[PDB]
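As structure tokens, the structure follows; a few thoughts come after it.
Residue numbering begins at 1 within each chain, and the chains themselves are lettered A, B, C, D, E, F, G, H, I and J in the order written.
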Amino acid sequence: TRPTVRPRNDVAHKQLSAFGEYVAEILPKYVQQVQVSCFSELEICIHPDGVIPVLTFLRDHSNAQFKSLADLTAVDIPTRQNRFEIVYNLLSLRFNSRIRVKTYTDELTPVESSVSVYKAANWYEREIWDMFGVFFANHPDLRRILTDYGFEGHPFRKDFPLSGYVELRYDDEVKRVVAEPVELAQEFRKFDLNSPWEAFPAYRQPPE
Amino acid sequence: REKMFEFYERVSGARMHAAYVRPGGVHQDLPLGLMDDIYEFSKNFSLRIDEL
Amino acid sequence: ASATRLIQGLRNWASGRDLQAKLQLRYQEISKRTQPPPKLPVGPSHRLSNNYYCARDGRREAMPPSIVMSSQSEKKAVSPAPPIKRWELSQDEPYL
Amino acid sequence: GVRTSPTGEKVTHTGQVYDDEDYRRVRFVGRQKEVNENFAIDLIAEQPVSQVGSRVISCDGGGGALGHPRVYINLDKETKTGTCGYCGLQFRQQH
Amino acid sequence: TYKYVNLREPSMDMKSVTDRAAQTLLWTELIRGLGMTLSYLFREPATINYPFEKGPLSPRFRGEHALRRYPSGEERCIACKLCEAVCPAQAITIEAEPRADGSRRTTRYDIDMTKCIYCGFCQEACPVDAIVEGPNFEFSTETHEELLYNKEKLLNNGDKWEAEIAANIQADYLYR
Amino acid sequence: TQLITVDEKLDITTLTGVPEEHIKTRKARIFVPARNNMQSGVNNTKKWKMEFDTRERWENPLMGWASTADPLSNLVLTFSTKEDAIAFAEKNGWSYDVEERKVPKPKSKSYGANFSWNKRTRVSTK
Amino acid sequence: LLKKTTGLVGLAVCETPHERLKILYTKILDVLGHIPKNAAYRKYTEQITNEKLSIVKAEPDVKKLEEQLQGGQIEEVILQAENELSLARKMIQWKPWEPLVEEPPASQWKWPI
Amino acid sequence: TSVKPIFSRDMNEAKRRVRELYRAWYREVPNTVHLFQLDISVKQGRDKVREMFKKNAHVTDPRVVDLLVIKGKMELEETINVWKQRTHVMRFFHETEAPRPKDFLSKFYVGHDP
Amino acid sequence: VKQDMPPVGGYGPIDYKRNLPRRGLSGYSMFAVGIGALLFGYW
Amino acid sequence: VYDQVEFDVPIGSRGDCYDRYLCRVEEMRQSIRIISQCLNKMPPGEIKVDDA
């Protein structure tokens, strides 16, 4: 499996599994899962009441020093009752490593803002307000960042349509750019592309 | 910068949005005489940085 | 390249650099616009034997992630890796 | 082989022409309806049927890797020629 | 493996101090900048004489689309819709039926040239080299719907540019 | 305390930005999609899907393209169980109808049945 | 040797790094004694802080202490000691050695769905 | 049924926040009609504010009306600070849109929508 | 095979360092030329 | 293959616009260095992964 297959990094896998055990046993109040991917990325799935105590740990602890917040992300998964999956990506420049801190909320439960840990989060979770509708409590300036000013709805939710509900055009009667319900001259064509044969037997879920 | 966009256009067909580096490698192999012209660019470009 | 030597010397004096050795206009040193046809090589899996795809199936060696902890002694404190090695200053040109 | 409706409008190789009472001819008023006058159905009819001495013929449309995927055509029917599915060149077993 | 930009502690001997003060009072680096600008004044400029002189392109260039033909007049498109399945912009609209001799041929082959991102996935997905993205880039229109090509416009681009398109494919196809 | 008690029905229709016409006139369909009988694979019958009722698609006067005015005409949602899809429809105020999962009942397969002594289940050829 | 600059902007040179590290490490241990002994955070932080304090007590030279504390400049080692102290003072108030406050739902971390 | 709140503990604090947001909008409307130089009256804009508050009057969940108050404060902040233009303020008044058929018979006449 | 490759010995060396050639007189000489121009003008 | 190219990393000293300018100019220098190393160490072979 040399030329076309990605080489497995067992050293980093062992080190990240050990540090995942380390974080899981220092903070058992909030750590719910710890997993390491086959391409060696550590995920620490925590409880949403421990957003600040976990992230302040990894930023400040001398065996962690995750001083950089690379990215902050939500993922809409509507089949869960807590549909939004808040993803922190952290970079330790000291130990040359990356960690992922995952948590969850629904539309109505607020998540605590992590600007007290990473000021970088000030826009990112604000984008999570704009795109997903997740509210962040004790945020300095929480408002929209990317959508238009009168925009109704949160676009990256998966029940939100691809084109929106409204569209703009200039109207010379009122001398104004106006919004109207969206009509497309050509509809977006939906492609059912998924093959009915199982692609990956390792990821098979057990039946009912 | 125009000459490096010519490099992009020689290797992919577009000057900016190449779609050339893909998952799996690159889309197409380097055409002949491209690396010679990359060398001829690089031989002169330090003087451009120097006068900047 | 067609500059006369008076303007060429004035230009090299004003720049402070020998400009003619490195012209930013391109001339007959560049490659031909018509090239011979290539013969591109094949990859390593272009073989007629010992080339079963189950021995080179990269996507099907991807495993689901190993769950290290799940909520269903005097061991050493660990870090996510060894600490980063201090970078060495450049032997080429450190600006020192 | 382009033809013409009673409205004077040219009929395409599909067979598309607007009705007389269709308003959408007004888009060609003062302008032209761009049709292509090289009908491929007539141009592949101009090609002669290739007499071959084999039972199964292979067609790639010529040019090697500049034609189509190479296919194999059976020539055991004598009433019908063996038409390539890509290029329309039709073949016949000579015996 | 790293270097320190701008970590030069200057000399404080009277030679270097007087050099820096003469640079301050006599504007040495400003005359260096004037000298570099004066050096480009006497260079031959890089300006080509468009429209009479043209910018250099390669045979891979991705410009205006064209539906091609086999060297018998038969069109290459066998209505397989790979170019519209692969199309990242959904610019290609295809409808097909068997024509009067039973050939799998399109009746609708639309490309919206204002959706198109000109990336050439259609010509590399095409199994029979029917759709290509040719070398024409000077096709600006005065109206939006003139950039909404049907099958007639694309087959006319093929008939218009085939003498060039076939030679570009001939120059490039061993890289494909 | 730090936890409140909300015994109301979960409804977020005022927060999703969806207009009224696309809440109270749409019929979501919660269903396991049938296997394509062109194929024998069953990986597309594994999850529940929520789609909506089709609205009018008309002809574009310029090109003949399918013009629509339904924003929800391409919205297909994936759910692991029936009850998750029902909860997501009820949360968004979508009136829904549910079709039960139609698994194939198990068959009785015998290769020797093709060659029986007295039964009609012999194959006339093989 | 009086290192002229640390190289990092906003991080000034510490004149007495050894006594500063000793004071910060003993203050870390004094704060960390208020955590219960069964907590893994106290065990691990006492272990690494005792290692660092023994390395600081074992080396008079500044640069050799930088190479064997394995944390870069000595001033960012001091900065990390201040961050660890602030962290431990927060960990006393948070009490995160307690059991898990709430189980996630049954398919909360199931991917793919 | 034990959930974590946003700001309000029950519906009374929630209605208090709704009421203060309504006060802020009601005070702001003449300033908005002046500095955006809108062609509506002050009474017409205040009727639109009353309409936008009565549209959400059916909600009994404290978290949902807390988010409605938060989004109303965001819209007010985009209004007071001139971040909206005249167009974003006048998008509340669907003025270029033709009036929709309401009864059965006109909806039958125009098309297939229920 | 026929492929775009570097030549048999590779390419030549490529300059990549700063080359600011340090032209001009000393500061002593520049003030000398300036003061001499002043003295000629004054005379 | 960035572990197989040799280049330097320009580090500023004051955190200002001027050191970031000098870092970007020196990164153009080091890009010329890496391009020379890429032209000299270019291997033959295929350009896509041979997993079809």
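To be clear about the criterion, a contact is a pair of C-beta atoms (placed from the backbone, for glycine too) under 8 Å apart; a residue touches a chain by one contact, two chains touch by 3 or more.
With steps allowed only between chains in touch, the distance from chain A over to chain E comes to 1.
Looking at which of E-I and A-C shares more C-beta pairs in contact, the answer is the pair A-C.
Of all the chains shown, the one with its CA centroid nearest the global CA centroid is A. Separating the CA-averaged centres of chain G and chain J is a span of 35 Å.
Once the centre of each chain is set as its mean CA position, chain B and chain C turn out to be 13 Å apart. A straight line joining the Cα centres of chain C and chain I is 31 Å long. Work out the mean CA point of chain D and of chain G, and you get 79 Å between them. The set of chain H residues touching two or more other chains comprises 3-4, 61, 63-64, 67. Residue positions 15-17, 19, 24, 35-41, 43-45, 56, 58-59, 71, 77, 83, 87, 90, 92-93 of chain C each touch two or more of the other chains. Counting partner chains per residue, chain B has residues 27-29, 31-35, 39, 42-43, 46-47, 50-51 touching two or more of them. Under the contact rule stated at the top, the pairs of chains that touch are A-C, A-E, A-F, A-G, A-H, A-J, B-C, B-E, B-I, B-J, C-E, C-G, C-I, C-J, D-E, E-F, E-I, E-J, F-G, F-H, G-J, I-J.
Of all the residues in chain G, the ones that touch chain C in their complex are 43-45, 47-48, 67, 70-72, 100, 103-104. Only residues 2-8, 10-12, 14-15, 21, 25, 55-56 of chain F touch chain H when the two sit together in their complex. Those residues of chain B lying in contact with chain C across their complex are 3, 29, 31-34, 36-37, 40, 43-44, 47-48, 50-51. Only residues 3-4, 6, 61, 63-64, 67, 70, 74-75, 77-78, 83-88, 90-92, 95-97 of chain H touch chain A when the two sit together in their complex. The touching residues of chain C, counted against chain A in their complex, run 43-45, 55-71, 77-84.
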